[PDB]
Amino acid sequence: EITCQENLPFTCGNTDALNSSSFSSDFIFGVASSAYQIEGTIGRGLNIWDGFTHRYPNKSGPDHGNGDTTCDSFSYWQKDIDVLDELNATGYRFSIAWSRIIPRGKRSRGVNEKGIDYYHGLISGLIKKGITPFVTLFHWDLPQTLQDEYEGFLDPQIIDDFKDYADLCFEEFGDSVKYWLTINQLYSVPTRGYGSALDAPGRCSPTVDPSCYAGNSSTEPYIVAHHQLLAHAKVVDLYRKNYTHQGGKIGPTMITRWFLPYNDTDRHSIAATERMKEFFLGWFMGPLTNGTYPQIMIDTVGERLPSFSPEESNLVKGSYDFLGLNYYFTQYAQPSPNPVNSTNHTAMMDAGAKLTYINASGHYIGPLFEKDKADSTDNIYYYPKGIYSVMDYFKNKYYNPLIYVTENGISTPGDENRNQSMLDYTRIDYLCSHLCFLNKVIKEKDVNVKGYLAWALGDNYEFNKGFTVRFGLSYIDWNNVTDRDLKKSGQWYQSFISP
């Protein structure tokens, strides 16, 4: 019988009690990254994260930081492999920058052979060290040209451009890459990129944020989400029809959260919690498992929710061999109005829920996850059992999928000095508390989870936050980025992997 802690102090950092041998022999352990965040612009075209951070610097991060040079994994990819080798990691999730291999967006305009060579070397070096690649085709860094030609995922033109890009990746790298992820966190671009405009490309309704260059927060999230599903599905069908000889697997990445009622004896809060599951997870998992959006979304969103034709439904339903599930935290849900006629209406209001980390009786759900110094009542708190709840829910509700945990991790503040940042015991407690629950759900619920990739391999540019927070298991000095030095968490993870 496995017992896991939900509250500080944690004791799961003792590798005598929790280690890789606690999991099945074949279980993959590693770390994750993405291309905007780590490579730098050298050698690639420009994408919408370049565009957004440069046009709206105060949205790039409080320090106005961006991915121009970052940790320079363009030059120092071997040092990333060395970190993985030091960890004895068996997996590494990274992304391919579309703008590095097809700087002009549309594949007929030519490829960047040097870009292709950069990923070939990375992939070869990973394999030579026994590290299985998990490659994300699209971690948000859309070539700027596509955004400017047709507003990217807002237009159905994205489908074929994304398919031709994907096809080039499978042709060039699929002999060695056997695990592909299509779009990172399907929920995030529609809502943050086209709803709140916190993320690239930064579109929204005028009264949501007057800085947005265009948009409609009420309708565009749905359009973009629908196009993401179609583009994803077209790529999975291409992979499974044209690249079955490579013997690999493909899936989407979901951001997952658990949801609990803000008041667990209040029917209205319970109903909001179930609505959040459908609006946050079912918005994509209903299409992916059934070819349709959830009924509550059909009902509430009405004419703003696109329909799938019968062909599209069939393309999307079942369009995965596995699911990459990212997991960081859980929210309490309570009812909230949905003012659909308000000029500041967003798609995120359609769920009819307000989300918090404190419940009605004043209980904070778990330890601190992210401090927000400008408004401390907006602090995020984590909830280790949420990983158990999410995996259980996916098995039960979503037809027993094969799952890889493709991100899990926690930041520490960029204001800490190097010594403080290296002594990242808060990160060991976060990681180990989640791994304990992950082992527990695999054993108790028989969830088909086959690997875990912690966020992040190293310190990097953090979307929305610049370099004001650090997520790495290895530390990078921004005044001299060559080295990636294992923190206390990296050193702990090394011992967890090889106890």
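The first residue of the shown sequence is 1; numbering continues from there.
Just going by the entry, 312 to 320 versus 327 to 335 on mean CA temperature factor gives the higher value to 312 to 320. Across the two stretches, 24 to 32 and 428 to 436, the PDB entry reports the greater mean Cα temperature factor for 24 to 32. In this structure the maximum Cα B-factor among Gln147, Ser389, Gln420, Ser99 is found at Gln420. As recorded in the entry, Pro62 carries the highest CA temperature factor of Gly451, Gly40, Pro62, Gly51. In this PDB entry, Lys106 carries a Cα temperature factor that places it within the middle third of its chain's modelled residues. Looking at the C-alpha B-factors along this chain, the one for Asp459 belongs to the middle third. Placement of the Cα temperature factor of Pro221 within the chain: lowest third of the modelled residues, per the deposited record. Among all modelled residues in this chain, the alpha-carbon of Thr207 has a temperature factor (C-alpha) in the highest third. Annotation for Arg275: CA B-factor lies in the middle third of the chain's modelled residues.
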